[PDB]
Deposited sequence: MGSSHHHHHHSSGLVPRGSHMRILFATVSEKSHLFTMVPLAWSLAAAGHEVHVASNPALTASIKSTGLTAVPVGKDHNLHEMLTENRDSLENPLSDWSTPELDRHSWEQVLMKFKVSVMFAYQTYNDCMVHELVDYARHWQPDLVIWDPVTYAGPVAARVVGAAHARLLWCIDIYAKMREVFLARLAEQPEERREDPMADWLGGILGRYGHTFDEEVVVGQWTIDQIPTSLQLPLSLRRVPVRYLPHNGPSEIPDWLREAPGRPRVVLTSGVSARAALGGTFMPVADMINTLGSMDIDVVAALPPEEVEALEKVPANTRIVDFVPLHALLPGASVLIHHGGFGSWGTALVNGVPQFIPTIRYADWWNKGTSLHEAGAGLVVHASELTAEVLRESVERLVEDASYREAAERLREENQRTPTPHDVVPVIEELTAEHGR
């Protein structure tokens, strides 16, 4: 029964943190769990309590005004919106620009480590395609662990439907060329399961997730927001609506610097009859004249500690914020762009009546003020958020899915 389990993620702390509860659930059941990424992530892994395995070298994706253009927009992965050439082009661009940059810097070293350590199971972040390659080379079972509304597997479904419509001579697959190429050098074939896993462990509540033909194991999202301590000032319950605003390095590197500044956001919120807590990086802190009387500025505060009894979370649609607000039943305001699943994170809540999404480009002082007022005053938002909270709470925990993962590993692995 006792397994070696290799977690693999691209070098994003935000992605890593989504994997920590499941990793610990498996370790707590007696399995050995190692987490592999590029050296830049080693320090972050080590502060999760989990054993880090540095692999390969660091990449230049972070250096490479905003990241929204039609070819990077996977927010509406629908047949009706994709000709063959459109979906093919999306796979070509995503493979060349994102997936290869994230993964090629470490894939061979990951295959090597897998050969040495011989994991029974590899659990991979959904864009960490180095993971299933390494698994397949050593015959390990492997599964995606999702932080995402599954635009990746859904766009792939669209892609395969269009591929099947093409004459044989015009059939082309950038994912098969890339991953099949690497697998070929180790004497292995490509299979579609290297793209979507042998199964999918999904932290997204079923009602908000795109329906797909996958072996799907739902698991409850449990907040992990990185290294955290409870400050003294949390004891003071607020006395009026508490509104939390997070801008990270994700926010800035992707939204750019072209839209409404955080300084204007603070000033708007500073005029309102609310308590404001703003988690800001040191550059956006300095670039800021006066701090309003109703506002506290922090470098970091643990969202899981802060969001109980909060009224609103304002953020860009990353899963840590989205999920932590969701489990606390806090309405969310998501001014964002069509990058990764961020727009879907916003629209899913918008359609459910649990929060508000707006395009970052349309954000003004008036929209900010009115949106916050609406999420505080209109009780239908809290009620819809509370239904989603309850849906998450009905989902089996990491603990509960451990035996399922054990059985699936026995079935699919060597």
Item to check | Deposited residues without C-alpha coordinates, grouped into stretches that follow sequence order | outcome: 1-18, 83-87
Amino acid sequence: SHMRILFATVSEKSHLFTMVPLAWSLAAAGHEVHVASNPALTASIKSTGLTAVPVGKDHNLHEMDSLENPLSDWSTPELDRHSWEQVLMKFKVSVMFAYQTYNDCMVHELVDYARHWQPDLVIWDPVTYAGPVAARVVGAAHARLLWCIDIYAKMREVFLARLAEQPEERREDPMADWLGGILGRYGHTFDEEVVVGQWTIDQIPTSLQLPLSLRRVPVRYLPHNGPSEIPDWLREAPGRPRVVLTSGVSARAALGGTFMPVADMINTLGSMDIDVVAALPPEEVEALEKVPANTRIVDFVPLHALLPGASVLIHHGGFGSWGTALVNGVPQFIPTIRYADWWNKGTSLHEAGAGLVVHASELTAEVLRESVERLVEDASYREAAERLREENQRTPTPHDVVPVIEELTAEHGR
From here on, numbers count along this sequence of modelled residues.
Item to check | Test item: residue 206 lacks coordinates in at least a third of other entries | outcome: no
Checklist entry - Thinking of the other compared PDB entries, is residue 65 one of those residues unmodelled in at least a third of them? => result yes
Item to check | Residue range whose averaged C-alpha B-factor is higher in the record, 312-320 or 92-100 | outcome: 92-100
Next on the checklist: Can you tell me whether 139-147 has a higher mean C-alpha B factor than 154-162 in this record, or the other way round?
Outcome noted: 154-162
Next on the checklist: Looking at 200, 206, 328, 72, which one carries the largest C-alpha B-factor according to the PDB entry?
Outcome noted: 72
Next on the checklist: Between 262, 130, 121, 301, which one tops the list for Cα B-factor in this entry?
Outcome noted: 262
Checklist entry - Based on the entry's values, in what third of the chain does the Cα temperature factor of residue 83 lie: lowest, middle or highest? => result highest
Item to check | Chain-wide C-alpha B factor ranking for residue 232, given as lowest, middle or highest third | outcome: highest
Next on the checklist: Among the modelled residues of this chain, does the Cα B factor of residue 341 put it in the lowest, middle or highest third?
Outcome noted: lowest
Checklist entry - Relative to the other modelled residues in the chain, which third contains the C-alpha temperature factor of residue 215: lowest, middle or highest? => result middle
Checklist entry - Considering only modelled residues of the same chain, in which third does the CA B-factor of residue 258 rank: lowest, middle or highest? => result highest
